[PDB]
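First the structure, in the form of structure tokens, and then the observations on it.
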Amino acid sequence: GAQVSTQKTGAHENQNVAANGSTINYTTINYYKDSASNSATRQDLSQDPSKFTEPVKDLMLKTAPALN
Amino acid sequence: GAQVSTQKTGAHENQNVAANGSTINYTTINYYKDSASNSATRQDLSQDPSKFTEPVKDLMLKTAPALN
Amino acid sequence: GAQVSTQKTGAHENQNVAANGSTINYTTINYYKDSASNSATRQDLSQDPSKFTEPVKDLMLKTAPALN
Amino acid sequence: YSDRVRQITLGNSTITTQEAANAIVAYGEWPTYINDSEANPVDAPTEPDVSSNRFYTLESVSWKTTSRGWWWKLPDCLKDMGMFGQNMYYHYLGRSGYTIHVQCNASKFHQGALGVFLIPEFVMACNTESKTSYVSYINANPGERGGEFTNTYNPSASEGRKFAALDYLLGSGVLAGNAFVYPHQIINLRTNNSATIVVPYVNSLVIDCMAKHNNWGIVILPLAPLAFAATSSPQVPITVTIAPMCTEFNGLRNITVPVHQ
Amino acid sequence: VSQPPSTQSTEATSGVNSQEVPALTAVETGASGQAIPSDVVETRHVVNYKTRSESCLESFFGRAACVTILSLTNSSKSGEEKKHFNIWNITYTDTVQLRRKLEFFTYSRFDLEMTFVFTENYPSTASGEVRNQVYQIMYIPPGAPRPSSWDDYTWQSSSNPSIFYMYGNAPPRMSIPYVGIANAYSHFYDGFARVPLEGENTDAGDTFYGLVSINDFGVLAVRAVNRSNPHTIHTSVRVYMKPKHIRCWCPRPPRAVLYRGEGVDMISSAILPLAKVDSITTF
Amino acid sequence: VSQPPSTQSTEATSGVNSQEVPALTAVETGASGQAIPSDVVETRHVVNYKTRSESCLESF
Amino acid sequence: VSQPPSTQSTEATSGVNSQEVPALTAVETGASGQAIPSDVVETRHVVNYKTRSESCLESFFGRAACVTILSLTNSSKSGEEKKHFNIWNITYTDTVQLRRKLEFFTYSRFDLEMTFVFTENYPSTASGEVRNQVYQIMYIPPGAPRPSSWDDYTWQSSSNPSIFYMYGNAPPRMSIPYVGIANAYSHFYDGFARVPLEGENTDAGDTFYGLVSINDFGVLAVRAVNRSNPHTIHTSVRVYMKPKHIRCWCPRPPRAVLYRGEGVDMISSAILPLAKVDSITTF
Amino acid sequence: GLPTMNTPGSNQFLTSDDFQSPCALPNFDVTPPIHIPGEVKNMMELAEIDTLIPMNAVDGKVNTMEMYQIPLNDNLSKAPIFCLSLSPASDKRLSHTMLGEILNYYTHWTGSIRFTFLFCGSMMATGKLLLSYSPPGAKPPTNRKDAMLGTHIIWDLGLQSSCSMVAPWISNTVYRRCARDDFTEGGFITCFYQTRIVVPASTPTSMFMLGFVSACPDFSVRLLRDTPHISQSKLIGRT
Amino acid sequence: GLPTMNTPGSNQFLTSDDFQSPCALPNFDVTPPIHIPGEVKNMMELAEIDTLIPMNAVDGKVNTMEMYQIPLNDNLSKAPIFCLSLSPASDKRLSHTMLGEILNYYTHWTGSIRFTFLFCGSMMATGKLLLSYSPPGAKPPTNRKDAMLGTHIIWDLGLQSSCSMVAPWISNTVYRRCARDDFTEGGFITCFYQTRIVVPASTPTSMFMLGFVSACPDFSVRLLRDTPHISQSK
Amino acid sequence: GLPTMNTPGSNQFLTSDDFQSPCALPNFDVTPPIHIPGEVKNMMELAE
Ligand SMILES: CCCCCCCCCCCCCC(=O)O
Ligand SMILES: CCCCCCCCCCCCCC(=O)O
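Residue numbers (the entry's author numbering), protein chains in the order written: chain p, 2 to 69; chain l, 2 to 69; chain h, 2 to 69; chain j, 9 to 164, 168 to 272; chain i, 16 to 298; chain m, 16 to 75; chain e, 16 to 298; chain o, 1 to 239; chain k, 1 to 234; chain g, 1 to 48.
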């Protein structure tokens, strides 16, 4: 039940798309019963800065006066 | 997700054809998340000597006097 | 891309036809880029003894007098 | 429509040569502007095409029978030009390709040849025996006035903080005969009055600070000795004229004024 | 599956008395001559199945070269505690053979493989039993704190990557992805790190010239990880580098003479690279 | 197989003479300022392919 | 199923009074006799499932032979410094069993597997604690620079391939592709490297006749990589070779007598290969 | 059974290793998760938060609360009120902000940086401040005339108390070193009065401004490193 | 645990090894590539560039710029103008040309070599030169008659300039060794006057020519080796 | 990564060993073959 996924880009690599060729794939097989034994997780790259930078109840738009 | 490619011709591997059956092939599996960890890339024989040997704007042909 | 081929018969009542059994097979996977790295070649029992034992310009039949 | 005749017009000036070798475009790539896909700086660039891409004649040098060679840092020699020059000081970053035209005329009775080579990153050895890369800014970047090559290396620190260069090792330890791997053209007084070489901006970066780094240098060598039948001392001028190509600049600052002497 | 490209095959030809003969050309232009044997002499058809594998840049730069030799000492003498600790600048300029190969190009991009080889001896006139040694190789990116000693706190490696090697196991190894801040590493930098300005003296910038003052890739800190023993051990660590996944630009002539330092500086006693020939007519 | 999310790209822009100006704000509100270069100065189009992978908590 | 072809079965036959007599032939013709038992005697029908496997050339040459014994010495004595490394000409002529098998053919083509075995001892009358030794095997192809010493710069190995082996790990090993210049290696060369041309020497060629004068495969350079210890370590290195993927041409008889040097030279003291028999009529 | 070969690197320990390992506690039942408000997924989410910068780190105010207060007078002056080097890890006042701190764990960085300024004077105080950024490789600006040539914004003090400037990513390189360097020079950030602050009678003539610093959305960091802001004494076990 | 058996070769380091290895910096974001002019993919692209030959290594010109200048003269001579051994890897003058320097990192080579010559004298002077290559194993071509028996062309000086003589790939072997073994000998290259170069009045009589060498595009090299040209202090 | 166990026979050198090994001279262009007469495939052809 091998997983196949995409590698992080190196120097003699494809373009910045990082989705060009089969040569950028790699294979992972989990060998142990606990998931805690697995290698590190995949990068998520998901973020939500508004949680800390603008957790405002009221809605403000960027060009709106902050106060009115 | 393994990849298969042709091996370099050996003493009794075939003609230079590199088309002498399946026994002249080898298998590679990438085991790492980072492409930089990959083994050396596939040999690239593409070449274009004119960049250095004939970088001329006026595209003169060989069988001609260089100066008209 | 594994290569599967038959094994040389051993002691366990292996009928000499070598087509008796599915367990008299083995698997080889080439791992390296240069074929010089491969294990020894497959057996080849083809022979051309006439090159050395009876090269001749005018073909002789063994049941004919050698000299006529 | 002879290959020997060439006219190049850029901005508001033109170079016409009656007899020239076929122009060379280094590495086969014509100068271009930075594509959005590769831009480093975020700010909107300036592209002062006519004012910048104007041929600028540099003070000529004399070719004597004892000359060993001449050299220039390219964006540096143009710093004394009005436009382009000021843009290097007003903008932090910039990119420029170039058209480099070298002319040296002589009558049919003269002999000798000048190789013109464009050296990317023309890094040179210092004239100090106890220190490495020991060269002052001023001596390293002479401006319009170019430098010269010599016959012998004599390290020593008023003379120490200066470049010194053997002609045969091109100032860096490489035999001159392999100078030819660089974009080049040869001015053969016998057959060819001038050379034209066009270069793209070349760096590890799309744009850089022109007050700090010289991406190309110009090397001219008397590959064949100058000679003339009845004087034993012909003196033929060499004139180098250069125009920037496809230039652009980024950032804006109080004009930078370098240390000078 | 196909045959890789070969070098040019010669086509059979015959004598030519035409007005278009390639032997006579011009090199005032920047082009090289283009003549091949079929243009000069009658040739036979030759099938050419030979290729250029060994000259591919990937193959040319395909070996792990020694870069440097570092030394540590495990010692109970207080005067030698400092020797358990050795910090080396990351560079490829310590060894000349690798440097010349890299010096062929002005710019390059590659991933780098690093391998280390350890060897040790007693530097003393007397030896005795000592426990197997462990060594720690830590990379300290520029801007990271340096250890003041072999046993300081920075060796805890919270962020800095580091490797622990037990002497006798396979030589340790790791891959480093391309790390330049530029889109390519430069092998040459014809410039200064900063621009000295009008309000500076005229010797300004003297030490800021070249690749040497511009590049900083951090340091490698190597230490003994064992506590001191009564019998001193001297350890020599060889550091190897192999560029891989490599692309290069703008070819240069190789250096003909011995290097003086990390720059292009010449040695006044060694600027005579060629051998003498008795005469121009001697074969 | 797909391209990972990139950091913010830059849209080309020009001078603005409108009265709706993003560079003027309040922080009294508990919010951070939101301006980026295209809000303050003329900018060029920049294609941004940079990825925040080193900074992911798993990497950190 | 590629059932391996067997040697011939014997067809059962009866006696005849036929005029076709295969037993009477000629050898003047330059051919062997063709008779088999079915031609000359009454025979039984025998099914033959036997094959010729061990006799395939690949099997015949399928084992790694010791080729040479090299030696290194690691010692603090200054007179022993030159002994830290050993430069060996690449050759198979150091060992007779292998030469003899290879010399059954005039020409051959093969890839080569090389394996090394290291063993060591104290040569002194007084042993002591010494750190695990590590060895470096470097290949120096023809014209490549040779080291002047065990610690010379040439050991950087930026192109010359090399193996770093720690004593006690598995015997080091690597494959070598066919590297001949010709399309086969020759085991013989009936000729001179150059033709003397009016050289004012009628003895010319005496120093450049035969296979030796046409073979340069470089040298194998082996060194200890450790610095000197108070207790000397003596190391024997055995080099093993196994031709693989081998084809051969133009068979010849094996040598019957002891070899004298790398050529075909005989020593007059050993040109008598056969034992005596008391009589031609002794069974 | 299966023929194998041990390659270089075998049996080594790398602190950046990513391999599987046997569990010490097989079948351990891990406490079911609950949602907790404030989840952080990336360090950059924190880099983008406006942080108050101890800009007035001058003798007598260093390590006091006053370091965060930029003084302003109603009295006319041609002097800069403040100046910074735009070097996130090497400018000591900047290096201790959250942005600086995240960057102190990285070797290389990219992106634009936003500087936000809050006026905390009386409502009756008016005027205009000039905020500007000049790129590197230049004479540091010394007066308003120089400030005017660099990138700048004029902030009209008024109902909205805060404004910002963005120091755009203007660099020759893709990345700059966090580490102090001569080549990857930060550039200069300064502020001058555009006009005097006008203050009516019985109204404070001395007021303060609070500067804040944060990452822009195009910001990124690249190589994790140890941060030289934290130290410890030598560690010896069982003493 | 899966049963396994370490074979010889385990736990050794080969500088030619091509194995995967863990990244020291997992998830590192590599600086995007940009197009850079002058990309090189193969060293032979540089071998094919014509570079100057330091043909004149007589005492007083060795290691000076004059090493690249081959003298010619108005006076009559039957002597070779120059003589060269065809050993691009081991010859004293050819080993340091770009072709030589690249080649010196190799153990063996094949293909033909082009020798390009150019006259830098006056426009006013005319004459014809004989450019010739003779294969090895015979008396060196010390005169014009032997030069004519080998492969040759005549360089007729006029409007055009450069003239290329090609030393075809003639060898018994597939490849030649770089080392200067007797069985490696490439043969002889010479230049003779075909006719006297004639210089008209008030025209300089001493003339120079430059020579260049390059690989033909049928050229290749084999095993990589350390180059003997560079050394360093220990 | 993958749990393994070394069996007897490991780390030994057998002169009749037939396993794959790394190449010291990678990506090597082997001189192409030509036909040479007198090819022998088996020692028995000489025995006959
Ligand atoms: C734990 C050990 C990690 C080792 C990190 C090595 C960093 C390599 C820097 C790049 C090599 C220099 C490039 C150059 O100078 O052009
Ligand atoms: C890392 C060390 C590599 C050692 C390679 C030595 C070269 C072996 C060449 C093949 C043997 C010569 C041919 C022959 O037996 O006739």
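Cβ coordinates follow ideal geometry from the N, Cα and C atoms, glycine included.
Practice item. Have a look at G220(i), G206(i) and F120(i) and flag the residue whose alpha-carbon is nearest the alpha-carbon of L212(i). Key: Minimum Cα distance to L212(i) is reached at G220(i).
Check your understanding: Where does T42(l) fall in DSSP's three states?
Key -> Of the three classes helix, strand and coil, the one that applies to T42(l) here is coil, per DSSP.
Review point. The segment 151-183 of chain o: which residues have C-beta closer than 7 Å to a C-beta of chain j, in chain order?
Key: Here the close residues are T151, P168, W169, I170, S171, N172, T173 and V174.
Check your understanding: When every heavy atom of ligand 1 is checked, does at least one fall within less than 6 Å of the C-beta of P22(k)?
Key -> Judged by the Cβ position, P22(k) fails to qualify as a neighbour of ligand 1 at the 6 Å threshold, every heavy atom of the ligand being at least this far.
Practice item. Per DSSP, which residues does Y33(p) bridge with? Please list them. Key: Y33(p) pairs with nothing; no bridge assigned.
Point to revise | Partner residues on chain p for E73(m), Cβ-Cβ distance less than 8 Å | key: Chain p residues near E73(m): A41, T42, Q44 and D45.
**Study point:** Boundaries of the alpha helix (DSSP H) in which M221(j) is found, first to last residue
**Key:** Element bounds for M221(j): n/a, residue is neither H nor E.
Check your understanding: Does ligand 2 have even one heavy atom less than 6 Å from the beta-carbon of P8(o)?
Key -> With a threshold of 6 Å, the Cβ atom of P8(o) does not count as near ligand 2, since no heavy atom of the ligand is closer than that.
**Study point:** Pairwise C-alpha distance: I34(o) and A41(m)
**Key:** Roughly 35 Å separates the two Cα atoms.
Check your understanding: For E96(i), which of helix, strand or coil comes out of DSSP?
Key -> Correct three-state label for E96(i): helix.
Point to revise | C-beta neighbour in chain k for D18(o), strict 7 Å | key: So yes, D18(o) belongs to the interface.
Practice item. Closer than 9 Å, Cβ to Cβ, to anything on chain l: give me those residues from the segment 190-212 of chain i, in chain order. Key: Flagged, chain order: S190, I191, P192 and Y193.
Review point. Is it a yes or a no for the segment 26-44 of chain p touching the segment 11-30 of chain o, going by three-plus beta-carbon pairs under 8 Å?
Key: The segment 11-30 of chain o and the segment 26-44 of chain p touch, with three or more beta-carbon pairs separated by less than 8 Å.
Check your understanding: For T15(k) versus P176(e), is the C-beta spacing smaller than 7 Å?
Key -> For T15(k) and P176(e), yes; Cβs fall inside 7 Å.
Review point. Enumerated in chain order, which unbroken segments of the alpha helix (DSSP H) with a length of 4 residues or greater are wholly contained in the segment 26-107 of chain e?
Key: Those alpha helix (DSSP H) runs which fall completely within the segment 26-107 of chain e and span 4+ residues are 52-55 and 72-75.
Check your understanding: Just to check, is the beta-carbon of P32(g) closer than 6 Å to a non-hydrogen atom of ligand 2?
Key -> No, the Cβ of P32(g) stays beyond 6 Å of every heavy atom of ligand 2.
Review point. Around the Cβ of residue 303(i), are there at least 16 other Cβ atoms within 10 angstroms (buried) or fewer (exposed)?
Key: Because chain i in this structure spans residues 16 to 298, residue 303(i) falls outside the shown range and cannot be described.
Check your understanding: On the three-pair Cβ rule with 8 Å, is the segment 26-33 of chain i touching the segment 54-62 of chain i?
Key -> Short answer: they touch.
Practice item. Taking 7 Å as the cut-off, decide whether the C-beta atoms of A79(o) and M67(o) are in contact. Key: Inclusion of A79(o) and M67(o) in the CB contact set at 7 Å is not warranted, their separation being larger than that value.
Practice item. Kindly indicate if chain h contains any beta-carbon less than 7 Å away from that of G22(l). Key: Output row for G22(l): interface = no.
Check your understanding: Can you tell me whether DSSP reads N147(j) as helix, strand or coil?
Key -> Of the three classes helix, strand and coil, the one that applies to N147(j) here is helix, per DSSP.
**Study point:** chain i within 7 Å of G220(e), Cβ atoms only
**Key:** For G220(e), the answer is no, since every Cβ of chain i falls outside 7 Å of its Cβ.
Practice item. Could I get the ranges of all uninterrupted alpha helix (DSSP H) runs contained in the segment 69-121 of chain o, with 4 residues as the minimum, in chain order? Key: Scanning the segment 69-121 of chain o for uninterrupted alpha helix (DSSP H) segments of 4 residues or longer gives 98-103, listed from N- to C-terminal end.
Point to revise | Straight-line Cα distance separating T250(e) from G11(h) | key: If you take the alpha carbons of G11(h) and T250(e), they lie about 41 Å apart.
Check your understanding: Taking only runs of the alpha helix (DSSP H) that begin and end inside the segment 122-207 of chain k, which ones reach a length of at least 4 residues, in chain order?
Key -> Complete alpha helix (DSSP H) runs here, min 4: 144-149.
Review point. How big is the Cα-Cα spacing for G195(i) and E129(j)?
Key: Approximately 18 Å between the Cα atoms of the pair.
Check your understanding: Is it the case that the Cβ atoms of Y100(j) and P168(o) are separated by a distance below 7 Å?
Key -> Their beta carbons are not under 7 Å apart, which means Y100(j) does not touch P168(o) by this criterion.
Practice item. Would you kindly work out how many angstroms separate the C-alpha atoms of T126(o) and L68(p), rounded to a whole number? Key: Between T126(o) and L68(p), the C-alpha separation is close to 18 Å.
Point to revise | Terminal residues of the beta strand (DSSP E) in which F133(i) lies | key: Run containing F133(i): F120 to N136, per the beta strand (DSSP E) assignment.
Check your understanding: Which whole-angstrom value is the C-beta distance of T107(k) and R222(k), which I expect to be below 8 Å?
Key -> Sure, about 6 Å apart at Cβ, within 8 Å.
Exercise for review: Below 7 Å CB to CB, which residues in the same chain sit around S161(k) once its five sequence neighbours on both sides are set aside?
Suggested key: Excluding residues within five positions, the ones whose Cβ falls inside 7 Å are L118 and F119.
Check your understanding: Any heavy atom of ligand 2 closer than 6 Å to the Cβ of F239(j)?
Key -> No; taking the cut-off as 6 Å, the Cβ of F239(j) has no heavy atom of ligand 2 nearer than that.
Check your understanding: Under a Cβ-count criterion, where at least 16 other Cβ atoms within 10 Å of its own Cβ denotes burial, should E259(j) be classed as buried or exposed?
Key -> Burial of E259(j) is indicated by the presence of at least 16 other C-beta atoms within 10 angstroms of its C-beta.
**Study point:** Endpoints, the beta strand (DSSP E) within which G105(j) is located
**Key:** In this chain, the beta strand (DSSP E) harbouring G105(j) covers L101 to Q111.
Exercise for review: Apply the 10 Å Cβ neighbour rule to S95(k) and answer buried if 16 or more other Cβ atoms are within range, or exposed otherwise.
Suggested key: Result: buried.
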